Each structure stands twice: as C-alpha cells, then as structure tokens.
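Here is the structure we will look at.
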Amino acid sequence: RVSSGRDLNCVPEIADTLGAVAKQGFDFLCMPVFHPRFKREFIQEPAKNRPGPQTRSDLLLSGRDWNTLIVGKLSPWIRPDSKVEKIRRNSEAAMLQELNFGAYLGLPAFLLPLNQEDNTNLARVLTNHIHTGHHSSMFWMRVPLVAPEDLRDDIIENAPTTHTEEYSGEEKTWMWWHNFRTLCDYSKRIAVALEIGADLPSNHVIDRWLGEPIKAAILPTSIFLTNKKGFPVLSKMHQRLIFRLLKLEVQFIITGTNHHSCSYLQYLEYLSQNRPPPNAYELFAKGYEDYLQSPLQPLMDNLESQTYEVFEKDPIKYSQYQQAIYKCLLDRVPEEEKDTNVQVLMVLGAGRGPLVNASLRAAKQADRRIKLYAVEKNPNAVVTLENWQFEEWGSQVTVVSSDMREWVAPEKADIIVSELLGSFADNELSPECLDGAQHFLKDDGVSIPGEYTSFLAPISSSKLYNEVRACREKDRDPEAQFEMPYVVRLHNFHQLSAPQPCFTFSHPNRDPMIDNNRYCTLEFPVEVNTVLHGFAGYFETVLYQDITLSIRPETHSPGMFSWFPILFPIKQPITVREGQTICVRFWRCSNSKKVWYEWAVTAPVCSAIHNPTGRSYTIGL
Amino acid sequence: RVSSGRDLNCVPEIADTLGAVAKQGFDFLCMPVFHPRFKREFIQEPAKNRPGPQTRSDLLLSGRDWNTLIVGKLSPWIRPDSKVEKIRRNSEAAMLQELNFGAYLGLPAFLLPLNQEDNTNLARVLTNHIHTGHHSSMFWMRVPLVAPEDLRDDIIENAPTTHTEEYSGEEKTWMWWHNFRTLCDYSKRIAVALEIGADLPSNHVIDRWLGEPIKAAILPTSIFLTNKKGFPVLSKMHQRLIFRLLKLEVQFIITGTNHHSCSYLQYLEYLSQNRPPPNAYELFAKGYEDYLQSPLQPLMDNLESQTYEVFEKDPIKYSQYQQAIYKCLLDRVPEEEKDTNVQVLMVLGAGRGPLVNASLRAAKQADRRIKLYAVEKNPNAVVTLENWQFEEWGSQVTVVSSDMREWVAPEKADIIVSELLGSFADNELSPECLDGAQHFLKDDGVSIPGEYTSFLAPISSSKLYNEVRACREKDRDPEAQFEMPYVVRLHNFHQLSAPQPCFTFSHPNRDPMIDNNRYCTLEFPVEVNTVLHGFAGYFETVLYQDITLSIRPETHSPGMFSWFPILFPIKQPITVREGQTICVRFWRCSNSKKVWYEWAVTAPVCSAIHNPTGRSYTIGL
Amino acid sequence: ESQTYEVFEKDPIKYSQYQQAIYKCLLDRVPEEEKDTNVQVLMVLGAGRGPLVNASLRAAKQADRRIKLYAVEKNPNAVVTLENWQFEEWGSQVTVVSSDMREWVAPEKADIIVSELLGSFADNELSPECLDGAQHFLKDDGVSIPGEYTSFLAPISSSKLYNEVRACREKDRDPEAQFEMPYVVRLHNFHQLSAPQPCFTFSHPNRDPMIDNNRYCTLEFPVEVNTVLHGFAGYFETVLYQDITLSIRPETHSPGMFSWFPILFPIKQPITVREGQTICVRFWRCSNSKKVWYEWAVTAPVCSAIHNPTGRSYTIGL
Amino acid sequence: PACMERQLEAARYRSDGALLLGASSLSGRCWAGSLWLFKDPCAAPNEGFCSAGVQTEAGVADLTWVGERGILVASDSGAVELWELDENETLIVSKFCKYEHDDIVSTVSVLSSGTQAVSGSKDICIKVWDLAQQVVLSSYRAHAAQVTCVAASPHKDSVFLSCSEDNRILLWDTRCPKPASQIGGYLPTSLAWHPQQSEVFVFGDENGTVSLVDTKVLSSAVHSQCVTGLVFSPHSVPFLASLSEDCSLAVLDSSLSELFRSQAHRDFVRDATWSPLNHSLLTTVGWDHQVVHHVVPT
Ligand SMILES: Nc1ncnc2c1ncn2[C@@H]1O[C@H](CO)[C@@H](O)[C@H]1O
Ligand SMILES: Nc1ncnc2c1ncn2[C@@H]1O[C@H](CO)[C@@H](O)[C@H]1O
Ligand SMILES: Nc1ncnc2c1ncn2[C@@H]1O[C@H](CO)[C@@H](O)[C@H]1O
C-alpha cells in the first residue's frame, strides 16, 4: 500500500544488501554508485592516474534491478560550490562522472543534496548533464524541512542558538530549493526529496512545500518515538504530515541505523490503512489529479455520446434539478388549479433527455400538468431524444431539433430549464444562449437556473505551472499555452487566498441594455510568503430559491462529479511576500462570433494582459 | 489468432445480430449506422422536413461495444461525386451526417467505398470532416483488387470484355486509392480495406499494394471453393495472398451471404496455424516493425549498459569474430613457432569485453600465444572491463581507457580488432577511428574487419513515408525529419530494385592520400509502376578472408540480431513508371568535427539535395 | 571579408599603440651594443591583410634593431593580400605562412609573438586557445603582445535594448534563444546600474601547471537606484606591453579607438532592483574540443534561469 | 584473511614497536575492511608476513589503539567497533559493535583515561562512549555539517577538539553545561594537540595550510591540496608530520618551516606514525598500498 525505500551509505555486498532490504519489506534502495569515501582526483598527478577499477561492476545486477530498485546517491565529498578553486573543478568532473555512471545504468532516480544557500555551480553542472546524452533519469533533491544549522543543540558557549522568531528565516530551505529550480528552468526532471526532522517546524514552513514536486519523503529512524511495547511510532503532528504526503503519493524513504533494538515500514503501512475512506468525488477524480483538459464547448461542438453519458451519471445534480422544478410547479399552480393549469416547460439544451426525465419526475411528485419541449441543436443527441419520445414519452414531449437562439416557438413558456454551465459558470456561453431564448419566455416565466456566479482564488503550484509549459505546440504562439483556461482536478497545490465572486449572470434579464461583457477587479489578501502561478476558477448557481449547485470548495454540493475547477494561468510566476495583496483583473469580452476572457495581475507587480483579443483562446458563438 | 469481423447490410435487431456474430466467432461487426435504403433530403420540401427519428439509438449498445465492436459503413446511396448537382449537395450533407454520427458513437473505424476513378468531392468532404471536431476514428477505404467493370461476365453482345493485356490498366484501382490519399495529404487516419475478388489479378497488380496502409482484407464468401466434405477453402494462389496479409497483421473481414449451406472463419484460423514458425530474427524484431529509431553514435555518445548487453546477446556475430581471429592466428604463427611467438592483439573499442573474450577463446582453439590490449573511450564500460581484468583476465589483458585516435601505444600491434560498424557500415565512423589507430599497426598487421561495404536499394512505403512525416518537431526545420537516416526494421514495404554497393572502406589504408569522403552514383532498373519514398541501406563486411558478416537481405548472416536496415528518406515521393531507371547520388562528407551524408535523386526526376552541409544530420567526430 | 579587414585596419590609435609596444620590446631585448649582431624572430600570428606586419616593420625602423618576420594566417583570402605585399614591397624579411597557428610546425622558435585576436569581451574570438596552441614555438623567454587581457561586466537597464533582443526571434529554433547569446552593440539609450568589474583574465605565455581556459566568476554589483535589469554590458582591457594598453572600458577608453563596441549579454526576464540591493551575477566560460561558450545566471536580488546551458543557443567554433 | 584491500587507511605503532593497520576496499565488488598487526614493521604490507589479522563487515574510516591490546574502529556502517588482541596476540576478536550513528563513523579518538572515547560522524553527531559498559554516555549535535575530525586532549579526559565542514573548530569540556567553544577561512580538515603544551594545537585546512593555535595566530602553506592528517613526533621537542591528498609528506619544526619532503607515495597519504624505538623513523601508509618508512634528517 505504500511505496517505500531504504537509504544506506554502506553496501558492502550489493546483492546481499538488496536481498536483506527486500526481505525487510522495501521496494527500492538508495545506495551510493561509488564508494562514499573514495575521493578521486581529475587534475594533478599522481592521484589523477589512480589505476584499477573506479567502482563495482554493472554486471552485479540485472538491467531490471538497476532500472527499478536502485536510486543512486551523489558522493558526500562532491562540493561543486566550494570556495576552493581546485575543489570546485575537481567536484565538477566528479559530479558529471557519477551522473553519467547512473545514466549508464538507467537508474530510475538519482539523489543530490541541497544543504546550503549557494548551489549555483551544482545547478550549472546538473543543467549541463541534462543537456548531454539520452537521459530519462529523475533527480531528487534532498532538502531538509529545517536547516541543520537551525536544529543544532544550544551547546556552543560563544555561538548561542538565536532565540528570536524569524517567520521568513524559518523558511530558508524552501528558498534553497526555489532558487535551485529557477536556475534549472523548472526542469520536469528535478523533484524534491524532502527530509523530515526530529521536531517539526512551524506550520507556515510546512505549508511552503504545498504545490511543490515532492516525489519522496525522507523519514530518519531518529524521529520515531518508542512506544510502550518498544516499537517505533510518530507524534500526532508528524502523523498529520504523513497523511498530507499520502495524498501526494510520495515514496517514503527510511534512512539511518536501527534505534529500536521492518517496524518503521510496518508503522507506515498501519498509518496508510488508518486514513479516512475516499468519498465518491475523491474515488471518481482519482487518475485526473492535476491532469489538464480542455474546457468543453457544447455550443460550438457536438458532444459525444459517451460524454453525455458521464454528465447523466451525476445523481446529485439531477435530484437538485428535479426539486427545483418540484418547488416551481407548486409555487405557480395552486391545488385548486391542479388540473385546470398546464405549465409550458421547455428544456433548452436537452442532450440525451436527463432534464426532460427530471421535469417528468417533478410533475409526478408535484402533481401538476406540464407540456414539455425538448430543444437541442446537436442532431446526434436529437436521435436519442426522438427514440425516447417514441418508445416512452409520447405527445407530452415535443422534440425540437434547433438552436434555442433561432427557434420560433409555437407558444411562450412558463419555465425554461437548462444545463449550459461550465466550470467558470458562463464559459459554455449560457448568458448568450438563454438571452436568445428570452423573447419566448412569459413576462412572468421562471428560468432554471435563475442565477450563476463565477469565483476565483489565487494559487501556487509549480507542478501545474510545469504542466502548462509542457503544453507548447508547434505552428502557434510559443506562449499560447499560458493564455487559455484548463479544466483540471487541482491536487498538488496551495490556495493563497479564499475564493471571491467574479462574474454574475441573472435570468431573465430585465436590465435596460443588459450587456454580457464584464470587467472585475479582485483583491486577495495573502497571509504567507509564496509564488503565484494561476487562479483557480469555480462556480455557484441558484437553480430555484434555496436549491443550488456549487463547485466552490467551501460550499461544494456533495457527491457532485459533473465539474472540476478551471485554471487560469500566468506566463511568469509572481513572488508574493506575507502581507502583500494579489490584485487581479478579469474581463469577459466578445464580438458577434466569439466570447473570450482576458486577465492581468496588477499587484504586487503587473503581469502582461493574457489572451488580448482572444489570440490564444476564444469560445465559439 | 486472427482478428476477424463480419460485414453486413442487414441488421434488423442490433443486439441480436451482434450476439449471433460473436457466437459465430467474430471480434467486430461492420454494419450501417443508418438504414442503407433510407435516402434523406436536406434541400427541398417536404422530404427535408421528414419527421421522426433519423436512425436507431446509441443507448442500444454500451460505450465499450460501440468503441470496440462496431465498424460503421457509409450509406450506399451517398454519391458525393455525382454528375447531378442536387445529388452532390444532398450527398455532401448526408456524408458529414453519418461521419459525425460515427464520431458521436466513438466507433473505432468507418468504411467508405472507392469504386470509381473520380472521388474528388468524396475526399474533400472527408478532409473537411477530419478538420472538424475531436476525432480519433479510423477511415478504411473499401477498394477492390480488380475493378467490378474489369471482372464482369462477357455477356454483353455490343460491349465485349476487352481481351487485350493492359499492364497499367489492370492497376486502375491502385491509382483510385493513390489519388485519393494524395488529395487527403497522406492522413494517418486513412487506411485501405482491400477487397479480394473471385479470380486473382496478375501478380504485378497485387504487388502494387505493398507498402500501402492495409488495415483490413475483405474476403467475400463467393471466393471460397467448396471442398469434398462441403466446407469452404481457398486456392493455393489465394492462400499465398492470405499468408502475405498475415505478415501485415490485417483484420480479416467476411462479407456476403452463406453459400456453403463459422466455417470461413475456422478456415482462416487453420491457415494461420499452418504458417512457418518465426525464426530468431523474426521473433526478436517483432514489435519493432516499421518503428523509426535514431542511428546510434557510440563515438559521440557513451552507450548505456543495457545497450552493450543487447549487442553482446548476438552469438552468431561473436562466433564469426572468434573464427576470424582463429584463422588469423594460424595463418600468422606456424606450429614450429607455437610458444616462441606472442601476437599483440588490440581490441580497439572493447565495450564490456565481448571481443576480448572472443579473442581469448580464439587463442585456446588456435593454441597460439596472445598479448591483449582492450582500448575503450566510454569510461563507464571501462569500469566493467577493469572489474573483468581483476576477477578473471589478469596480466594478459591490458585495459586502456582512451580514444583509439589519441592513444600512444607501448608497442605496435599484430592484429587490431573492432566492432565499430553501423547499419550503413561506416555510419558509426569506423573509417576515422581505425585510420587514427593505423600508425600503431605493424607494417604487416591485420585489421579485423579488413573491409566493409554499404548497400542501397530504392523502396516504396507510404506507411514509412507517413511515419517520417510524424517526426516533425518544433524549434527546428519543418522538413529536417526527411534529411536524416533512421534505423528501422522495414516491414510494410516494397523494394523496387535489388541492393547495389555504395561506399567501400578497407583496413589498413595504403592509398597515397586515402581520403574518407565519397561520391557514388547508382542506377536502379525498376520493372514495376510505383511511388519512391526512400532508400533502404544495408551493409556487408569482411572480417577475415571467407569469414564475413552481412545485413544485405539476399546474403544475411542467419540469426544475426545486432543490426536493422537504415532508411534514407526523400522530402517528396517520386512516381516511377515500369521501365524507368531510378538514379540516386550519395555523398559522404566531412570536416574536422563532423561527418555526414547527402543524397539526391536525379532520375526519373530530380529531387532537392537532402541534408546539404549536415544542416539536419551530422555524425560527431 | 576584405571590406571587414579594411575597417579593422582604419584604426590608427590601435596600430600606433601596437607599434610602440613592439618598439619598447625591441629596445628592452636588444641592447645598443648588440644593434646588428641580434636579429629578433617576430611572428605576427593572425596577420590579416598585413597591418600588424607593417607596424612590426615601422617599430624596427624607429627602434633600430634587426627583425625576421613571419606572417601566419589561416584565412586563405587574406593570405592572397599578404603574398602580394610580400612580393611588391616586403621581400625576404617577411615569410608568409598560410596555416592555423595551432597546426603550424615553425622552422625556429620566436622572440616575440604578436596578435590581434581579441573580441569585445576580450577572449570571445578565442585568443586563449589560439595563443596556447602557438606557445610551444615561443622561446623560454619570449614576449607575447598582448601579454594580458581582462574582460569587464556592468549591469544595465534598457527596455529599448530588451525590446530589440525580443525582435530577434527566428523560426526553426528556440523561441527564447535570442536571449541566450551575446550581441555586439553601441549601447546608447541605456542606464548603467553599477560600475564595471573585472570578469575573466588571460595571461600569455601560460606557465601555470595545468593552466585550463575554463572559468567561473561571481560579481556583486551595488545598486544605488530603483531600476529594471535587462542585461550586462561587457567590455575589455588589454596589456600589449608594460604601460602600452588598449581599452574599451568606458572609464579608461583609449581615445579615437573605433575597432570595438561593447558586448551585451541579455536575460530572458527583466529583474526589478530596489535601491540598496545588490545584483549578484555568475559567469562561466565553458568548452569542449570543438566549441567554447559562455553561460550566465543572476542570483540576486532574485535567481534567473541559467542562460545558454551547454551552448544550446550560442557557441564559438574552435 | 587471504588478502588486504589496496586502500590503506590507518598506521599506528604501539609502545613496544608493533604496527597496527586499518584498510578498506573503496572500489570493486566488495566494500569491506580489515585489521592487521605487524610485529615486524618492515614486513608490512605482506598479508603472509603478519602477526594477526581480521576482516570487518564494512570499511575502516579511522582507528586507534586502546592501550596495547584493543583497537577502536570507526566504520562506514555507522557502528563503533572494539577489537581486542588475544592472550597470544595472534587472533583479533570483537567485543562490541554498536550502531549508534545514523551515517558513516568518520573519526575516532580515545580520551586520556583510556576507558572513554569520542566518535565524530557524517550524521553531524558527536558521541562520548564508555568502553567498559559498551554504551554511549552522551550525544552532541553541536555542528551543522559532517564531522571531519575529533581530537581528545593529551592530558584532560573531559577536553577534546572537534572540526566540521560547517567551518567550525569546537573546544570541548564536558564539565560546562554548554561544552563546545568556537575557536578561530577554509574548511578545517585535521586536528593535532601539542604533546607538551595542553593549550596549543595545530589544524590543517582544505587549502593545504597548516596553522598554530594557542587556546588563549601562526600559519604556513605546506601542501597544494587538503591536509589529511597532522601527527607529532614522540621527541621531547616534537616534529610535526603533515599528511595530504597531494600525495606528499612534510615534517615541520616549531616555526612551521619544512625539513623533510617525501614524494614516495603515488596515491593519497592517509596516516603517519613515529617509531617508539627510533624517533628519527616515521611510517606512512597510503591508498597506493605502500607502507613507506622514512628516515627524518635530525
Ligand atoms: N444555443 C443552443 N441551442 C440549443 N442547444 C444548445 C445550445 N447550446 C448548447 N446546447 C446543448 O445544451 C446541452 C448542454 O450543454 C448540450 O447538449 C448542448 O449541445
Ligand atoms: N575512437 C574510439 N576510441 C575508442 N573506443 C571507441 C571509439 N569509437 C568508438 N569506441 C567504442 O567502440 C565500441 C563499439 O562502438 C563502443 O564501446 C564505443 O564506445
Ligand atoms: N588559429 C588561428 N590561426 C591563424 N590565424 C588565425 C587564427 N585565428 C584567427 N586568425 C586570424 O587572425 C586575425 C585576427 O582575428 C584574422 O585575420 C583571423 O582570420
């Protein structure tokens, strides 16, 4: 249930050690590819001419074992950032040697340490190896939660441990990593191996690692408190951290000697089994974590059958649609008018008939008379509709194969029902679709939904920022991938400020010269130090009175699978200090053919205006 | 063992038909997505306003069944190339409707017919659908081996079947397909569903389909000759064709009614089991068919351990290397000098020691004294070498970690042995490597190999031409993918002329001012009508006297896995008529840093010079 | 090209400075008592269309000592101009050699090797490699002119130049490559945010045990103003002989010297710098047997990406 | 054991004149160590010409004598080992192997009493051991980086020096409640107490400089590479022998001036030991499997 590995600096017999490690219960071994104490010379004689083999042989293990069980380790004497010139030059050649020796064996990952503020030459040498040869290896940077200088025992008479509280100073190891990956151009091959210490730092320091590519978690044996029966366990503060890392599916690493004279691995498995069972949304979205998809345009495109099927497999949203119609029937037709009044219900954008069926179920429980119309422009869905109307519905449902904005209806409607909302509410163009169907609504008719509002919250996710970069394509703008929204189940991320409302649409629209174009400015108070990469978009909708749907995390309709958050990215990440406000601007723009969004950050610093005039992204009308 | 499907034009109950077809033994069903006789109107009233459902519902089958078992069929009345304007306009809207209905269901493939010379508008309408929406569907064009006009019974008094032999005229159906895919820009989504007829055409007509993307083979029941026990079988000429299609792994389709009143499917399975067992090369290369790989550059790059391992798992090449050394020891050291003479054997480019071991095995069987040197520049392989020298070899093998062109050897050598050859012989730069090691060879020393020659043969493969197009990358020349060789196990292809020798290298080189640059002109007599896409490159080498290695298909060393042919492509395909000669020119060019090839076709028409000055491809010195 | 050699020859200041450096080296090597007994072996490595050879001649007439010249040149087109000069005027004194100075197997060792192999960032035309390859044929007491050169760097703000580097995007390459390569430019609409500091230094001849031409330098630039950093102006200084020097460092510029303009090392993203902050840059001189390149990253007030890693955007051919 | 691995780490002469040898294989299939005794010092390193021999599970990073019988070993396994010579001095038997360091034990030093010791490790910790009870009395994480060297005081059992890659040299004294004290450039690599002045010590850095330090300073550029060790002669007015990664040995006087200079070694010079019998004799082992004997010009 947990992918785990053992970290060692002593492997006398590579095959014996691996056998013992696997028998212990591990899945991989972190061992040095050269003897850790074997300092080598590459410049001056006669140590440079050192004869004999330089390390053990590749033949000692099969290609599968080298590719699946061995995570290499950089030799501890390799100091590319030394103040001594000879040590730097020596360590440069020495570093390339071990990386190229690990590439030679096809090792799945290779560990390099970050234990000081200046790792410029370390980064240079790594960047240069990444651009040399036919690679694939992952590079895990071993970086501690707390610097070893900030966790030393206060036992130096003339150098006491500074007892002052430094909020930003406590987060020095994150800047070690931040600066290192900036130098290396956010290479998708450089990930974090976060070293957990004896006493956990302040929660802000821990929160600094949210949205970072943590691939491994290093738990040293010395952090395990021994229990009553003499077995290793962890504090409830440490346990909570383990539970946060289990969501990111990191590989647990156990380093150091046995101090409970395995049990550490068994304790991790016990913890893994004692986590809450995943809810419906959680079990559905598994697989889609941080996977960027294109937002659907059901107006411009005809949705596939298998797509309509998944939108129909959302019971919560259809039970909420039914009860909204149920309440509107009662509030419109009093019990004395029970059979004298027939309500004209038009399902605009009917799909393969799930709203039409909900409209029917809502008439049986509200016991009122309804006359249905199922308008739909996708002719393929219309086939499913016309076969439903023949086999079950009959004269009650009048199938209309047209665009709701073109349709010349026979009579006006009492209730127009629709499911035209995207993850950013108005992104599938409901404001234009229901505006075009407003003339055939009674001067007292009800639209379901009657209101919808989009939300935005600033986020940090170098994992998602890196994923948006990967979306560069040929024959287009090299930066277009940053000027378009993405539907994504955000997961390895940090939300830097609570969602605020963005754009609001109401139906029907009685405003004199309404206009669907928008411009909104939002100010986000940021309580932490961070790097802004994008803006999560969410939505809320009022179907009827207290019957609502929501994808805003704090008011999420439980068990509602039908939507994932949208992601509005920015070309360049923006450093934000604690206390600073992130000021974003969003526009909803349009012409007779297209609808698009534009957005710019104006604080703490300006960004470029993203998607000016829909050059990267438009929604088709 | 054989992927097969049933073709029908009568599916009264879609679920019943599928059940019967699967119970019969099929894997998929080709059925019409609309009723074949249901002509529809899209322009004039009142047939355009035809009410009711336009076809059966998508709900009748699960998404998996629609995606894995249903190959759609275009309705037989759809004639986009009609001479009648109204029928063309009607059939245009009608064609898009059925393609978009099949895209809606996510069908794995959709059949469209080619049964006339002019399918321009058919192609236009298909090309326009391919650029409309979010696709993935395969389009199989049903095209007959023999046109139905050329297989009619000679029963028309005033229109007799022309009894004259027309070589090119018998290949009219290939030009129907050729012109159709040229119009559609060689879309990787358009493949051939080749219809096999009652009497097979001439073999040249059949050969015209080599190198074409045949995804399905349509065997109609009427082509099955009934045997003694009353079961359907095929002629030995038809059986041979089935065996050629089984190499291309096509999906067999059985169309038409049961005339042996399944058995047809069982006969195909019997044929599949009665094919020759695949040899070592055949079973090894399976998976690599027409997969383009980059040619290795062991000089410029350090080969990975798992790569050296596969080059060591070739017994034939090492037994041939051993016997070449075995014969050279005897021909140099007479039995009277048995222990008085020690031969200086230098394995230049030793790798992980397979040639050094072969050199040892060759001294035990030739019973002569040898002093070995294992030169190697890749320091990672040198680790494996130095661990071999410690654990087994000893003082006999002197490991040298250097480039053979830099090395200042202690004494001259009697025999230099090397394995520096690529699929085009000199493409890993052996001519430069052994030239740099020539000064330290005795004025009577033997190089193994002593000679190597590259070969070239012109080829047709729209499958491989399409695969080279797919290799376009951003940040480079949009056409660079055509100016570089590829190592590939050529499979779905046609070789238009027998291999001719290209470049020849000899070792040692006693020519006054030798020069490794080359220029060769080859004339290829072409006996068939065809489309040239590239030139297969092969090689032959003389290790010692009659001990040779070869990848030339007609002289191939059996069981030799170590190399696959190279592919030298051309930007634009070239039509070649029967009787025409394909004249190619090849250059081997160089400077102090790089070595490259250039090539141009000069007949029947000129091509552009490919890779001028190594702008797309160089080999690093 | 010929018209290019012509403009490099139309710089009187640099040739009068080259002459006086040879003038002083002749006197400091051949005492008046050895006036006609001593002939100095002067080799003009990288002779071009003969302006240094003529300066070497002018320096022997005014220093009144005996010289034996060698005009080494690899460009065969310039060699045509050289061989026509040797025929029409020079004669037996000048021995034209059509070869690469790193290949040439000289007849005898030289007393003085003279060269003009410097770029705007001093070592950017690869003088360290060229004179290293010609070092074996130098006398164990020979003088190289120039004997030393040092590159300089100063951080700059110029949205005009930053915009000009963006405009250099080209198809079929990295969309950002235009920011990972130096440019020779007469900087004008700009602001220099800190005074030039020395970067890389080369000496000739090179007696260091296992010398190595690869470099790594870290410079800290104190910034007294609020600004936006777009690049680093590169400049150079060279010691031909003793107090005879050439310079393109603005504060020590050799007057009337047209032969060079500053180099510009840009950065992909501009960097905000507040008053009081230090701009910390790192520069590397990297190489292999075929190419030489530079890499550079800003590490304060914020990090930048490493520019030109492994010469992916820009290399200098060896 | 049938062989001793080419990487000779430690050379320690006891009171009578026998030679202790620690060695490890820092390359090849097996990465293990070995302890050897040479009653005939001129025989070394001949595996057949030895008096006693043993093989440890993991490499020998450092060792020291525990009187004339026992040997304290700092292993790559993270354990501290104790091996005592038998009644005949022909067998080497293990007494304790305690794995207390979470990483390679790099340095070891026996405290004045002879019943206590200090281990310095790459795991950043320092541990004070009771050899008799076979347990650790105290654990000190005072350093920030790997511990390079620990040097127990010649005469004070609670005093000992330490130095680490964190650029710190710490003066210890268990009697204080904050026992470390920072004394003070380039990283400290080697620590040697003066055998006549319990207030003076020498330290060698990674830049080859050796320096003279009085607790309440003088410097010289001895080597071109990291100073691996510093060992004082048994003389009443000692000589200082400085080992190095530049494969050379130097013997310096009181003012750090060079007297001897030996290039005999072809690989890293690891340990040095002056003869108890001949004070002009210094023995130096190295990674080139040599056991070179030196005649210091006195
Ligand atoms: N303007 C429109 N007219 C009619 N149906 C529409 C319109 N826009 C979207 N739909 C349909 O509404 C459903 C919900 O997106 C889909 O089936 C879509 O095809
Ligand atoms: N010039 C060279 N010098 C030494 N070994 C070489 C040279 N070129 C190729 N090799 C080695 O020869 C083997 C066969 O390609 C490989 O192990 C390769 O690394
Ligand atoms: N390595 C070289 N060998 C000879 N001449 C050179 C070399 N490099 C540059 N030059 C020449 O030196 C002059 C100054 O750049 C030019 O004429 C150039 O062509």
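Chains as they are written, first to last, in the authors' numbering: chain A, 13 to 273, 278 to 637; chain A', 13 to 273, 278 to 637; chain A'', 320 to 637; chain B, 24 to 207, 212 to 243, 248 to 329. A prime marks a further copy of an entry chain. C-beta: ideal position from N, C-alpha, C; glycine also.
- Considering only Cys278/A, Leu253/A, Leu345/A, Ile230/A, the residue with the shortest C-alpha distance to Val217/A is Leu253/A.
- The C-beta of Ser478/A'' has fewer than 16 other C-beta atoms within 10 Å across all chains shown, which makes the residue exposed.
- At a cut-off of 8 Å, the C-beta of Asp419/A'' has no neighbouring C-beta in chain A'.
- Between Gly553/A' and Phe584/A' the beta-carbon gap is near 6 Å, inside 8 Å, which marks them as a contact.
- Beta bridge pairing from DSSP links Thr629/A' with no other residue.
- Against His143/A, the close residues of chain A'' are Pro628, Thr629, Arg631, in the order they occur along the chain (beta-carbon pairs closer than 7 Å).
- With a contact defined as Cβ atoms closer than 8 Å, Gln405/A' and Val415/A' qualify at about 5 Å.
- The bridge partners DSSP lists for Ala296/A' come to none.
- Against chain A, the CB of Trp603/A'' has a partner CB under 8 Å away; the residue lies at that interface.
- Bounds of the alpha helix (DSSP H) holding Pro395/A'' are 395 to 404.
- The alpha-carbon of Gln561/A' is positioned some 55 Å away from that of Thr400/A''.
- DSSP, read as helix, strand or coil, puts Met529/A in coil.
- At least one beta carbon of chain A lies nearer than 8 Å to the beta carbon of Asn403/A'.
- By the criterion of at least three beta-carbon pairs nearer than 8 Å, the stretch 528 to 536 of chain A' is in contact with the stretch 596 to 611 of chain A'.
- Residues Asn318, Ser417 of the same chain have their beta carbon placed closer than 8 Å to that of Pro395/A, with the five preceding and five following residues left out of the count.
- Closest in alpha carbon position to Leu308/A', among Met107/A', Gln497/A', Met576/A', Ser411/A', is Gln497/A'.
- Beyond the five residues adjoining it in sequence on each side, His523/A' comes within less than 6 Å, by CB distance, of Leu450, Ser463, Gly466 in the same chain, given in chain order.
- For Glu161/A, same chain residues with a beta-carbon under 8 Å away, outside a window of 5 residues either side, do not exist.
- When only Cα atoms are considered, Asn525/A and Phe577/A end up about 30 Å apart.
- DSSP places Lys95/A' in the coil class of the three-state scheme, outside both helix and strand.
- Note that the stretch 109 to 121 of chain A touches the stretch 141 to 149 of chain A; at least 3 beta-carbon pairs, one per stretch, sit closer than 8 Å.
- DSSP, reduced to helix, strand and coil, places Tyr286/A within a helical segment of the structure shown.
- Of the residues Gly101/B, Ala84/B, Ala102/B, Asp109/B, the one whose Cα lies closest to the Cα of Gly93/B is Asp109/B.
- When the beta-carbon positions are compared, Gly365/A and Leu284/A stay at least 8 Å from each other.
- Checking the 7 Å criterion, the Cβ of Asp419/A' is within range of a heavy atom belonging to ligand 2.
- DSSP places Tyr535/A' in the strand class (E or B) of the three-state scheme.
- Residue ranges of uninterrupted alpha helix (DSSP H) with 4 or more members, entirely inside the stretch 312 to 395 of chain A' and ordered along the chain, are 321 to 328, 331 to 346, 370 to 382.
- Contact check for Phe521/A and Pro589/A: beta-carbon distance about 32 Å, past the 8 Å limit, so the pair fails to qualify.
- According to DSSP, residue pairing for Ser566/A in a beta bridge involves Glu556/A.
- Counting along the chain, the unbroken alpha helix (DSSP H) around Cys449/A starts and ends at 446 to 452.
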